[PDB]
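target_10.pdb (PDB, N, CA and C atoms) appears below.
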```
ATOM      1  N   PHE J 292    -125.803 -58.394   7.866
ATOM      2  CA  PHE J 292    -126.154 -57.475   8.969
ATOM      3  C   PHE J 292    -126.790 -56.204   8.404
ATOM      4  N   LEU J 293    -126.444 -55.048   8.960
ATOM      5  CA  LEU J 293    -127.004 -53.788   8.508
ATOM      6  C   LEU J 293    -125.892 -52.785   8.224
ATOM      7  N   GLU J 294    -124.672 -53.287   8.086
ATOM      8  CA  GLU J 294    -123.516 -52.436   7.849
ATOM      9  C   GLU J 294    -123.562 -51.838   6.457
ATOM     10  N   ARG J 295    -123.814 -52.694   5.476
ATOM     11  CA  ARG J 295    -123.867 -52.294   4.069
ATOM     12  C   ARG J 295    -124.812 -51.124   3.822
ATOM     13  N   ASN J 296    -125.844 -51.009   4.649
ATOM     14  CA  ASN J 296    -126.829 -49.956   4.472
ATOM     15  C   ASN J 296    -126.198 -48.630   4.838
ATOM     16  N   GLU J 297    -125.378 -48.667   5.875
ATOM     17  CA  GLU J 297    -124.704 -47.485   6.346
ATOM     18  C   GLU J 297    -123.430 -47.232   5.554
ATOM     19  N   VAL J 298    -122.744 -48.276   5.076
ATOM     20  CA  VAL J 298    -121.537 -48.042   4.276
ATOM     21  C   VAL J 298    -121.946 -47.309   3.002
ATOM     22  N   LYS J 299    -123.147 -47.633   2.516
ATOM     23  CA  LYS J 299    -123.674 -46.992   1.318
ATOM     24  C   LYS J 299    -124.120 -45.570   1.652
ATOM     25  N   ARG J 300    -124.953 -45.452   2.686
ATOM     26  CA  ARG J 300    -125.458 -44.154   3.135
ATOM     27  C   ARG J 300    -124.321 -43.227   3.561
ATOM     28  N   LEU J 301    -123.211 -43.812   3.981
ATOM     29  CA  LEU J 301    -122.066 -43.039   4.428
ATOM     30  C   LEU J 301    -121.242 -42.646   3.220
ATOM     31  N   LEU J 302    -121.226 -43.536   2.229
ATOM     32  CA  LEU J 302    -120.512 -43.300   0.984
ATOM     33  C   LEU J 302    -121.078 -42.077   0.280
ATOM     34  N   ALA J 303    -122.399 -41.959   0.350
ATOM     35  CA  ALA J 303    -123.115 -40.873  -0.300
ATOM     36  C   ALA J 303    -123.351 -39.659   0.602
ATOM     37  N   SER J 304    -123.290 -39.845   1.928
ATOM     38  CA  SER J 304    -123.538 -38.750   2.870
ATOM     39  C   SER J 304    -122.864 -37.447   2.432
ATOM     40  N   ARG J 305    -123.636 -36.367   2.409
ATOM     41  CA  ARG J 305    -123.131 -35.073   1.985
ATOM     42  C   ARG J 305    -122.646 -34.257   3.181
ATOM     43  N   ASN J 306    -123.054 -34.669   4.372
ATOM     44  CA  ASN J 306    -122.656 -33.988   5.600
ATOM     45  C   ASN J 306    -121.157 -34.145   5.826
ATOM     46  N   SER J 307    -120.408 -33.057   5.686
ATOM     47  CA  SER J 307    -118.965 -33.117   5.859
ATOM     48  C   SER J 307    -118.591 -33.160   7.337
ATOM     49  N   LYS J 308    -119.593 -33.062   8.215
ATOM     50  CA  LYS J 308    -119.346 -33.157   9.651
ATOM     51  C   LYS J 308    -119.056 -34.626   9.956
ATOM     52  N   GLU J 309    -119.568 -35.460   9.069
ATOM     53  CA  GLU J 309    -119.392 -36.880   9.173
ATOM     54  C   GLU J 309    -117.975 -37.218   8.741
ATOM     55  N   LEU J 310    -117.616 -36.846   7.506
ATOM     56  CA  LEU J 310    -116.302 -37.099   6.960
ATOM     57  C   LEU J 310    -115.177 -36.470   7.797
ATOM     58  N   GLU J 311    -115.516 -35.619   8.767
ATOM     59  CA  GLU J 311    -114.498 -35.056   9.637
ATOM     60  C   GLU J 311    -114.345 -35.981  10.833
ATOM     61  N   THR J 312    -115.448 -36.264  11.539
ATOM     62  CA  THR J 312    -115.409 -37.205  12.668
ATOM     63  C   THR J 312    -115.381 -38.661  12.204
ATOM     64  N   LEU J 313    -114.798 -38.889  11.048
ATOM     65  CA  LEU J 313    -114.708 -40.225  10.500
ATOM     66  C   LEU J 313    -113.851 -40.243   9.264
ATOM     67  N   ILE J 314    -113.300 -41.405   8.976
ATOM     68  CA  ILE J 314    -112.449 -41.607   7.820
ATOM     69  C   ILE J 314    -112.497 -43.077   7.461
ATOM     70  N   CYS J 315    -111.983 -43.401   6.302
ATOM     71  CA  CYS J 315    -111.903 -44.761   5.847
ATOM     72  C   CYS J 315    -110.445 -45.175   5.892
ATOM     73  N   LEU J 316    -110.146 -46.128   6.767
ATOM     74  CA  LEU J 316    -108.789 -46.612   6.935
ATOM     75  C   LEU J 316    -108.448 -47.519   5.774
ATOM     76  N   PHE J 317    -107.278 -47.318   5.171
ATOM     77  CA  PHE J 317    -106.891 -48.118   4.023
ATOM     78  C   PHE J 317    -105.569 -48.884   4.232
ATOM     79  N   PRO J 318    -105.483 -49.729   5.281
ATOM     80  CA  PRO J 318    -104.343 -50.581   5.492
ATOM     81  C   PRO J 318    -104.691 -52.050   5.282
ATOM     82  N   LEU J 319    -105.737 -52.283   4.517
ATOM     83  CA  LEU J 319    -106.198 -53.633   4.261
ATOM     84  C   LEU J 319    -105.572 -54.124   2.972
ATOM     85  N   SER J 320    -104.592 -54.978   3.133
ATOM     86  CA  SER J 320    -103.849 -55.518   2.013
ATOM     87  C   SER J 320    -104.480 -56.813   1.521
ATOM     88  N   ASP J 321    -103.855 -57.424   0.525
ATOM     89  CA  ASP J 321    -104.337 -58.684  -0.040
ATOM     90  C   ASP J 321    -104.165 -59.819   0.972
ATOM     91  N   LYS J 322    -103.581 -59.480   2.115
ATOM     92  CA  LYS J 322    -103.341 -60.432   3.191
ATOM     93  C   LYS J 322    -104.117 -60.035   4.443
ATOM     94  N   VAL J 323    -104.947 -59.006   4.330
ATOM     95  CA  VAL J 323    -105.706 -58.521   5.473
ATOM     96  C   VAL J 323    -107.161 -58.278   5.093
ATOM     97  N   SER J 324    -108.032 -59.140   5.591
ATOM     98  CA  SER J 324    -109.464 -59.081   5.299
ATOM     99  C   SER J 324    -110.320 -58.519   6.464
ATOM    100  N   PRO J 325    -111.618 -58.205   6.167
ATOM    101  CA  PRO J 325    -112.623 -57.629   7.091
ATOM    102  C   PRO J 325    -112.524 -57.981   8.590
ATOM    103  N   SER J 326    -112.535 -59.258   8.956
ATOM    104  CA  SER J 326    -112.463 -59.622  10.381
ATOM    105  C   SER J 326    -111.128 -59.189  10.978
ATOM    106  N   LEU J 327    -110.069 -59.548  10.266
ATOM    107  CA  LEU J 327    -108.711 -59.195  10.641
ATOM    108  C   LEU J 327    -108.587 -57.690  10.851
ATOM    109  N   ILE J 328    -109.451 -56.937  10.168
ATOM    110  CA  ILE J 328    -109.451 -55.488  10.266
ATOM    111  C   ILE J 328    -109.764 -55.041  11.666
ATOM    112  N   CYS J 329    -110.888 -55.532  12.150
ATOM    113  CA  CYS J 329    -111.388 -55.157  13.430
ATOM    114  C   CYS J 329    -110.444 -55.603  14.527
ATOM    115  N   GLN J 330    -109.973 -56.849  14.445
ATOM    116  CA  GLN J 330    -109.006 -57.343  15.425
ATOM    117  C   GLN J 330    -107.852 -56.342  15.528
ATOM    118  N   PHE J 331    -107.208 -56.120  14.391
ATOM    119  CA  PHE J 331    -106.108 -55.179  14.197
ATOM    120  C   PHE J 331    -106.491 -53.760  14.620
ATOM    121  N   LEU J 332    -107.777 -53.420  14.559
ATOM    122  CA  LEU J 332    -108.183 -52.089  14.921
ATOM    123  C   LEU J 332    -108.163 -51.942  16.428
ATOM    124  N   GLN J 333    -108.724 -52.939  17.086
ATOM    125  CA  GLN J 333    -108.746 -52.977  18.539
ATOM    126  C   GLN J 333    -107.345 -53.348  19.000
ATOM    127  N   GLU J 334    -106.597 -53.925  18.063
ATOM    128  CA  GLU J 334    -105.238 -54.359  18.294
ATOM    129  C   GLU J 334    -104.260 -53.179  18.354
ATOM    130  N   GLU J 335    -104.372 -52.283  17.372
ATOM    131  CA  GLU J 335    -103.478 -51.126  17.266
ATOM    132  C   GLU J 335    -104.147 -49.794  17.638
ATOM    133  N   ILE J 336    -105.332 -49.554  17.090
ATOM    134  CA  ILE J 336    -106.076 -48.299  17.307
ATOM    135  C   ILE J 336    -106.761 -48.293  18.665
ATOM    136  N   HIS J 337    -106.729 -49.442  19.353
ATOM    137  CA  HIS J 337    -107.342 -49.584  20.680
ATOM    138  C   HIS J 337    -108.825 -49.249  20.608
ATOM    139  N   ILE J 338    -109.403 -49.513  19.449
ATOM    140  CA  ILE J 338    -110.800 -49.230  19.202
ATOM    141  C   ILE J 338    -111.707 -50.130  20.016
ATOM    142  N   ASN J 339    -112.689 -49.501  20.607
ATOM    143  CA  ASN J 339    -113.697 -50.184  21.396
ATOM    144  C   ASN J 339    -115.025 -49.456  21.220
ATOM    145  N   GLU J 340    -115.985 -49.721  22.092
ATOM    146  CA  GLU J 340    -117.287 -49.069  22.012
ATOM    147  C   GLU J 340    -117.194 -47.658  22.588
ATOM    148  N   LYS J 341    -116.060 -47.374  23.214
ATOM    149  CA  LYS J 341    -115.822 -46.079  23.826
ATOM    150  C   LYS J 341    -115.207 -45.083  22.842
ATOM    151  N   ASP J 342    -114.054 -45.422  22.254
ATOM    152  CA  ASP J 342    -113.361 -44.511  21.328
ATOM    153  C   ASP J 342    -113.987 -44.516  19.955
ATOM    154  N   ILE J 343    -114.720 -45.562  19.674
ATOM    155  CA  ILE J 343    -115.361 -45.701  18.394
ATOM    156  C   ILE J 343    -116.845 -45.491  18.541
ATOM    157  N   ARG J 344    -117.391 -44.626  17.711
ATOM    158  CA  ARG J 344    -118.807 -44.381  17.758
ATOM    159  C   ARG J 344    -119.476 -45.557  17.063
ATOM    160  N   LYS J 345    -118.781 -46.037  16.028
ATOM    161  CA  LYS J 345    -119.210 -47.165  15.217
ATOM    162  C   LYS J 345    -118.140 -47.475  14.195
ATOM    163  N   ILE J 346    -118.024 -48.744  13.868
ATOM    164  CA  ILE J 346    -117.039 -49.206  12.919
ATOM    165  C   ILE J 346    -117.680 -50.191  11.946
ATOM    166  N   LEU J 347    -117.430 -50.018  10.652
ATOM    167  CA  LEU J 347    -117.994 -50.895   9.635
ATOM    168  C   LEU J 347    -116.888 -51.302   8.666
ATOM    169  N   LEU J 348    -116.928 -52.548   8.201
ATOM    170  CA  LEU J 348    -115.910 -53.058   7.295
ATOM    171  C   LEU J 348    -116.319 -52.780   5.849
ATOM    172  N   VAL J 349    -115.423 -52.159   5.103
ATOM    173  CA  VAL J 349    -115.669 -51.784   3.718
ATOM    174  C   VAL J 349    -114.799 -52.617   2.755
ATOM    175  N   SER J 350    -115.269 -53.806   2.376
ATOM    176  CA  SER J 350    -114.479 -54.721   1.531
ATOM    177  C   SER J 350    -114.731 -54.636   0.007
ATOM    178  N   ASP J 351    -115.171 -53.499  -0.515
ATOM    179  CA  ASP J 351    -115.402 -53.379  -1.973
ATOM    180  C   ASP J 351    -114.449 -52.335  -2.560
ATOM    181  N   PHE J 352    -113.464 -52.007  -1.736
ATOM    182  CA  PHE J 352    -112.433 -50.978  -1.990
ATOM    183  C   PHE J 352    -111.544 -50.939  -0.773
ATOM    184  N   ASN J 353    -111.352 -52.122  -0.216
ATOM    185  CA  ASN J 353    -110.611 -52.367   1.017
ATOM    186  C   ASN J 353    -110.395 -51.164   1.902
ATOM    187  N   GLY J 354    -111.412 -50.814   2.655
ATOM    188  CA  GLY J 354    -111.268 -49.764   3.619
ATOM    189  C   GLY J 354    -112.064 -50.081   4.862
ATOM    190  N   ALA J 355    -111.940 -49.252   5.868
ATOM    191  CA  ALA J 355    -112.684 -49.444   7.094
ATOM    192  C   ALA J 355    -113.221 -48.108   7.556
ATOM    193  N   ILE J 356    -114.537 -47.980   7.625
ATOM    194  CA  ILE J 356    -115.114 -46.715   8.041
ATOM    195  C   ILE J 356    -115.159 -46.661   9.554
ATOM    196  N   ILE J 357    -114.539 -45.631  10.095
ATOM    197  CA  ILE J 357    -114.402 -45.441  11.518
ATOM    198  C   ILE J 357    -114.662 -44.010  11.912
ATOM    199  N   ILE J 358    -115.557 -43.879  12.871
ATOM    200  CA  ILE J 358    -115.871 -42.611  13.468
ATOM    201  C   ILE J 358    -115.273 -42.651  14.879
ATOM    202  N   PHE J 359    -114.083 -42.079  15.121
ATOM    203  CA  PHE J 359    -113.588 -42.052  16.502
ATOM    204  C   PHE J 359    -114.529 -41.121  17.283
ATOM    205  N   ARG J 360    -114.109 -40.543  18.373
ATOM    206  CA  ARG J 360    -115.050 -39.728  19.122
ATOM    207  C   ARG J 360    -115.163 -38.281  18.644
ATOM    208  N   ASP J 361    -114.145 -37.729  17.999
ATOM    209  CA  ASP J 361    -114.266 -36.350  17.521
ATOM    210  C   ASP J 361    -113.450 -36.101  16.253
ATOM    211  N   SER J 362    -113.969 -35.173  15.450
ATOM    212  CA  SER J 362    -113.395 -34.769  14.170
ATOM    213  C   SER J 362    -111.907 -34.444  14.235
ATOM    214  N   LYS J 363    -111.454 -33.785  15.290
ATOM    215  CA  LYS J 363    -110.049 -33.433  15.414
ATOM    216  C   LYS J 363    -109.145 -34.659  15.462
ATOM    217  N   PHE J 364    -109.597 -35.704  16.150
ATOM    218  CA  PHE J 364    -108.786 -36.902  16.332
ATOM    219  C   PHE J 364    -108.850 -37.813  15.119
ATOM    220  N   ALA J 365    -109.996 -37.855  14.462
ATOM    221  CA  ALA J 365    -110.162 -38.702  13.289
ATOM    222  C   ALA J 365    -109.165 -38.324  12.200
ATOM    223  N   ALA J 366    -109.031 -37.029  11.963
ATOM    224  CA  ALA J 366    -108.132 -36.577  10.919
ATOM    225  C   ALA J 366    -106.698 -36.545  11.430
ATOM    226  N   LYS J 367    -106.551 -36.168  12.698
ATOM    227  CA  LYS J 367    -105.243 -36.106  13.324
ATOM    228  C   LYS J 367    -104.631 -37.498  13.414
ATOM    229  N   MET J 368    -105.454 -38.512  13.667
ATOM    230  CA  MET J 368    -104.934 -39.854  13.802
ATOM    231  C   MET J 368    -104.653 -40.388  12.417
ATOM    232  N   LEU J 369    -105.534 -40.067  11.463
ATOM    233  CA  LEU J 369    -105.321 -40.432  10.064
ATOM    234  C   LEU J 369    -103.893 -40.055   9.661
ATOM    235  N   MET J 370    -103.513 -38.823   9.956
ATOM    236  CA  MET J 370    -102.190 -38.330   9.598
ATOM    237  C   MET J 370    -101.052 -38.989  10.393
ATOM    238  N   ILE J 371    -101.241 -39.227  11.692
ATOM    239  CA  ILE J 371    -100.165 -39.820  12.507
ATOM    240  C   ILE J 371    -100.064 -41.345  12.372
ATOM    241  N   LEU J 372    -101.160 -42.000  12.061
ATOM    242  CA  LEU J 372    -101.173 -43.457  11.959
ATOM    243  C   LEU J 372    -100.808 -43.964  10.571
ATOM    244  N   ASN J 373    -101.384 -43.350   9.557
ATOM    245  CA  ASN J 373    -101.179 -43.794   8.185
ATOM    246  C   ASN J 373     -99.784 -43.518   7.629
ATOM    247  N   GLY J 374     -99.595 -43.819   6.336
ATOM    248  CA  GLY J 374     -98.291 -43.696   5.707
ATOM    249  C   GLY J 374     -97.308 -44.677   6.311
ATOM    250  N   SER J 375     -97.854 -45.737   6.890
ATOM    251  CA  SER J 375     -97.038 -46.752   7.547
ATOM    252  C   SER J 375     -96.709 -47.933   6.640
ATOM    253  N   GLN J 376     -96.022 -48.905   7.217
ATOM    254  CA  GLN J 376     -95.617 -50.101   6.507
ATOM    255  C   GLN J 376     -96.203 -51.312   7.200
ATOM    256  N   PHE J 377     -97.027 -52.057   6.493
ATOM    257  CA  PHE J 377     -97.654 -53.231   7.063
ATOM    258  C   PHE J 377     -97.944 -54.274   5.992
ATOM    259  N   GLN J 378     -97.625 -55.524   6.324
ATOM    260  CA  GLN J 378     -97.835 -56.672   5.441
ATOM    261  C   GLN J 378     -96.997 -56.564   4.167
ATOM    262  N   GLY J 379     -95.884 -55.847   4.257
ATOM    263  CA  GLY J 379     -95.003 -55.687   3.113
ATOM    264  C   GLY J 379     -95.447 -54.572   2.189
ATOM    265  N   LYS J 380     -96.445 -53.815   2.614
ATOM    266  CA  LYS J 380     -96.969 -52.717   1.817
ATOM    267  C   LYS J 380     -97.062 -51.452   2.652
ATOM    268  N   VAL J 381     -97.335 -50.330   2.004
ATOM    269  CA  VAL J 381     -97.486 -49.080   2.708
ATOM    270  C   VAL J 381     -98.968 -48.858   2.938
ATOM    271  N   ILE J 382     -99.351 -48.681   4.183
ATOM    272  CA  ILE J 382    -100.745 -48.495   4.499
ATOM    273  C   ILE J 382    -101.050 -47.022   4.702
ATOM    274  N   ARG J 383    -102.214 -46.606   4.205
ATOM    275  CA  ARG J 383    -102.604 -45.199   4.250
ATOM    276  C   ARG J 383    -104.098 -45.054   4.486
ATOM    277  N   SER J 384    -104.595 -43.827   4.562
ATOM    278  CA  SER J 384    -106.018 -43.642   4.771
ATOM    279  C   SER J 384    -106.522 -42.377   4.104
ATOM    280  N   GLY J 385    -107.820 -42.200   4.211
ATOM    281  CA  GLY J 385    -108.509 -41.070   3.644
ATOM    282  C   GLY J 385    -109.940 -41.210   4.017
ATOM    283  N   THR J 386    -110.846 -40.581   3.324
ATOM    284  CA  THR J 386    -112.226 -40.780   3.668
ATOM    285  C   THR J 386    -112.908 -41.619   2.594
ATOM    286  N   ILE J 387    -114.100 -41.253   2.190
ATOM    287  CA  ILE J 387    -114.829 -42.042   1.215
ATOM    288  C   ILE J 387    -114.330 -41.855  -0.212
ATOM    289  N   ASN J 388    -113.919 -40.654  -0.558
ATOM    290  CA  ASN J 388    -113.454 -40.390  -1.921
ATOM    291  C   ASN J 388    -112.003 -40.816  -2.093
ATOM    292  N   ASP J 389    -111.179 -40.496  -1.105
ATOM    293  CA  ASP J 389    -109.767 -40.846  -1.156
ATOM    294  C   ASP J 389    -109.596 -42.359  -1.146
ATOM    295  N   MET J 390    -110.575 -43.075  -0.584
ATOM    296  CA  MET J 390    -110.502 -44.533  -0.537
ATOM    297  C   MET J 390    -110.859 -45.070  -1.917
ATOM    298  N   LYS J 391    -111.737 -44.342  -2.597
ATOM    299  CA  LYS J 391    -112.156 -44.677  -3.949
ATOM    300  C   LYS J 391    -110.969 -44.512  -4.891
ATOM    301  N   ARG J 392    -110.136 -43.523  -4.611
ATOM    302  CA  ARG J 392    -108.941 -43.301  -5.411
ATOM    303  C   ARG J 392    -107.977 -44.443  -5.195
ATOM    304  N   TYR J 393    -107.753 -44.735  -3.925
ATOM    305  CA  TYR J 393    -106.877 -45.813  -3.528
ATOM    306  C   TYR J 393    -107.397 -47.112  -4.111
ATOM    307  N   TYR J 394    -108.730 -47.208  -4.176
ATOM    308  CA  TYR J 394    -109.383 -48.370  -4.740
ATOM    309  C   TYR J 394    -108.927 -48.562  -6.177
ATOM    310  N   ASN J 395    -108.965 -47.484  -6.956
ATOM    311  CA  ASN J 395    -108.504 -47.539  -8.338
ATOM    312  C   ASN J 395    -107.090 -48.116  -8.341
ATOM    313  N   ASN J 396    -106.241 -47.534  -7.500
ATOM    314  CA  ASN J 396    -104.866 -48.000  -7.311
ATOM    315  C   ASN J 396    -104.819 -49.498  -6.966
ATOM    316  N   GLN J 397    -105.858 -49.979  -6.296
ATOM    317  CA  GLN J 397    -105.954 -51.380  -5.885
ATOM    318  C   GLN J 397    -106.389 -52.293  -7.025
ATOM    319  N   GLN J 398    -107.512 -51.966  -7.647
ATOM    320  CA  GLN J 398    -108.066 -52.772  -8.732
ATOM    321  C   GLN J 398    -107.208 -52.743  -9.991
ATOM    322  N   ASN J 399    -106.391 -51.716 -10.162
ATOM    323  CA  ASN J 399    -105.575 -51.646 -11.363
ATOM    324  C   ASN J 399    -104.169 -52.156 -11.099
TER     325      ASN J 399
END
```
The structure in this file should be written as structure tokens.
Amino acid sequence: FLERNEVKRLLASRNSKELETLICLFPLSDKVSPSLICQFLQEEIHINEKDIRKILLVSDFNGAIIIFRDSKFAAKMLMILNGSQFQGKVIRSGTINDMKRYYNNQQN
């Protein structure tokens, strides 16, 4: 598709207005892959075309880039939703850099 183009452009995006109205969800375990992500997103986050400006699956550091409707909720939800327990692991989130950190934690 055309997700990878934006996952890359978003990875590098310098606009912090973006990283505020968006974050990379990191609850994707070794038992939870890209498709399952979205299901689970609409499943728990109630994500749709309304609350989500756009959603892309980030499977090279198991994350999910999500822009809810506003910066206040993206970070606020990050804090209230994450730090949870799912699939026998603790699920957490951050943005593009924090996901890269978590990635290290994943690959190592």
(request) I would like the residues chosen by the PyMOL selection byres ((chain J and resi 325) around 8) on the shown file; could you give them as a PyMOL selection string? (result) chain J and resi 319+322-324+326-330+347-350+353-354
(request) Have a look at J:316, J:356, J:365, J:346 and name the one nearest to residue J:383; count all atoms listed in the file. (result)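 Counting all atoms listed in the file, the residue closest to residue J:383 is J:316.
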(message) Could you check the closest approach to residue J:392 for each of J:364, J:293, J:306, J:315 and tell me which residue wins, using only C-alpha atoms?
(response) J:315
(message) Let me make sure I understand: among J:358, J:314, J:320, J:395, which one has the smallest atom-to-atom distance to residue J:344 if we use all atoms listed in the file?
(response)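 Using all atoms listed in the file, residue J:344 sits closest to J:358.
For the pair atom CA of residue J:303 and atom CA of residue J:337, the separation is 27.7 Å.
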(request) Step one, run DSSP on the backbone; step two, keep only residues of chain J assigned to helix (DSSP H, G or I); then write them as number ranges by chain. (result) J: 294-303, 325-336, 362-372, 387-398
(request) Using the chain letters and numbering of this document, enumerate as a PyMOL selection string the residues selected by the PyMOL selection byres (((chain J and resi 380 and name CA) around 12) and name CA). (result) chain J and resi 317-323+373-379+381-383+397
Please write the residues from the selection above to a file, keeping N, CA and C atoms, as a PDB file, in the frame of the given file.
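Generated output (again-v2.pdb):
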```
ATOM      1  N   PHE J 317    -107.278 -47.318   5.171  1.00  0.00           N
ATOM      2  CA  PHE J 317    -106.891 -48.118   4.023  1.00  0.00           C
ATOM      3  C   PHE J 317    -105.569 -48.884   4.232  1.00  0.00           C
ATOM      4  N   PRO J 318    -105.483 -49.729   5.281  1.00  0.00           N
ATOM      5  CA  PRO J 318    -104.343 -50.581   5.492  1.00  0.00           C
ATOM      6  C   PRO J 318    -104.691 -52.050   5.282  1.00  0.00           C
ATOM      7  N   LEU J 319    -105.737 -52.283   4.517  1.00  0.00           N
ATOM      8  CA  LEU J 319    -106.198 -53.633   4.261  1.00  0.00           C
ATOM      9  C   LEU J 319    -105.572 -54.124   2.972  1.00  0.00           C
ATOM     10  N   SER J 320    -104.592 -54.978   3.133  1.00  0.00           N
ATOM     11  CA  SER J 320    -103.849 -55.518   2.013  1.00  0.00           C
ATOM     12  C   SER J 320    -104.480 -56.813   1.521  1.00  0.00           C
ATOM     13  N   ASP J 321    -103.855 -57.424   0.525  1.00  0.00           N
ATOM     14  CA  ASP J 321    -104.337 -58.684  -0.040  1.00  0.00           C
ATOM     15  C   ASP J 321    -104.165 -59.819   0.972  1.00  0.00           C
ATOM     16  N   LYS J 322    -103.581 -59.480   2.115  1.00  0.00           N
ATOM     17  CA  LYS J 322    -103.341 -60.432   3.191  1.00  0.00           C
ATOM     18  C   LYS J 322    -104.117 -60.035   4.443  1.00  0.00           C
ATOM     19  N   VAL J 323    -104.947 -59.006   4.330  1.00  0.00           N
ATOM     20  CA  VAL J 323    -105.706 -58.521   5.473  1.00  0.00           C
ATOM     21  C   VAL J 323    -107.161 -58.278   5.093  1.00  0.00           C
ATOM     22  N   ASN J 373    -101.384 -43.350   9.557  1.00  0.00           N
ATOM     23  CA  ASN J 373    -101.179 -43.794   8.185  1.00  0.00           C
ATOM     24  C   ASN J 373     -99.784 -43.518   7.629  1.00  0.00           C
ATOM     25  N   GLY J 374     -99.595 -43.819   6.336  1.00  0.00           N
ATOM     26  CA  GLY J 374     -98.291 -43.696   5.707  1.00  0.00           C
ATOM     27  C   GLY J 374     -97.308 -44.677   6.311  1.00  0.00           C
ATOM     28  N   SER J 375     -97.854 -45.737   6.890  1.00  0.00           N
ATOM     29  CA  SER J 375     -97.038 -46.752   7.547  1.00  0.00           C
ATOM     30  C   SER J 375     -96.709 -47.933   6.640  1.00  0.00           C
ATOM     31  N   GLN J 376     -96.022 -48.905   7.217  1.00  0.00           N
ATOM     32  CA  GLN J 376     -95.617 -50.101   6.507  1.00  0.00           C
ATOM     33  C   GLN J 376     -96.203 -51.312   7.200  1.00  0.00           C
ATOM     34  N   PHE J 377     -97.027 -52.057   6.493  1.00  0.00           N
ATOM     35  CA  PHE J 377     -97.654 -53.231   7.063  1.00  0.00           C
ATOM     36  C   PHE J 377     -97.944 -54.274   5.992  1.00  0.00           C
ATOM     37  N   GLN J 378     -97.625 -55.524   6.324  1.00  0.00           N
ATOM     38  CA  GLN J 378     -97.835 -56.672   5.441  1.00  0.00           C
ATOM     39  C   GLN J 378     -96.997 -56.564   4.167  1.00  0.00           C
ATOM     40  N   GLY J 379     -95.884 -55.847   4.257  1.00  0.00           N
ATOM     41  CA  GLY J 379     -95.003 -55.687   3.113  1.00  0.00           C
ATOM     42  C   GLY J 379     -95.447 -54.572   2.189  1.00  0.00           C
ATOM     43  N   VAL J 381     -97.335 -50.330   2.004  1.00  0.00           N
ATOM     44  CA  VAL J 381     -97.486 -49.080   2.708  1.00  0.00           C
ATOM     45  C   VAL J 381     -98.968 -48.858   2.938  1.00  0.00           C
ATOM     46  N   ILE J 382     -99.351 -48.681   4.183  1.00  0.00           N
ATOM     47  CA  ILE J 382    -100.745 -48.495   4.499  1.00  0.00           C
ATOM     48  C   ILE J 382    -101.050 -47.022   4.702  1.00  0.00           C
ATOM     49  N   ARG J 383    -102.214 -46.606   4.205  1.00  0.00           N
ATOM     50  CA  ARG J 383    -102.604 -45.199   4.250  1.00  0.00           C
ATOM     51  C   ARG J 383    -104.098 -45.054   4.486  1.00  0.00           C
ATOM     52  N   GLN J 397    -105.858 -49.979  -6.296  1.00  0.00           N
ATOM     53  CA  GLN J 397    -105.954 -51.380  -5.885  1.00  0.00           C
ATOM     54  C   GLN J 397    -106.389 -52.293  -7.025  1.00  0.00           C
TER      55      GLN J 397
END
```
(message) With distances taken over only C-alpha atoms, which residue among J:338, J:313, J:390, J:302 lies nearest residue J:357?
(response)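 With only C-alpha atoms as the atom set, the closest residue is J:313.
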(message) Taking all atoms listed in the file into account, name the residue in J:301, J:396, J:296, J:312 that is nearest to residue J:361.
(response)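 Smallest separation from residue J:361 among the options: J:312.
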(message) For a test of reading the model, state the distance in Å between atom C of residue J:339 and atom N of residue J:398, rounded to one decimal.
(response) 29.9 Å
(request) Could you check how far atom CA of residue J:334 sits from atom N of residue J:304, in Å to one decimal? (result)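 Atom-to-atom, atom CA of residue J:334 to atom N of residue J:304, that is 28.4 Å.
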Padded axis-aligned box of stretch 322-336 of chain J (6 Å per side), centre and edge lengths, Å, one decimal, as AutoDock Vina command-line options:
```
--center_x -108.0 --center_y -54.4 --center_z 10.6 --size_x 21.3 --size_y 24.1 --size_z 28.9
```
(message) Could you pull out the strand (DSSP E or B) residues of stretch 315-395 of chain J, going by DSSP on the backbone, and write them as an NGL selection string?
(response) :J and (315-317 or 345-349 or 354-358 or 375-377 or 380-385)
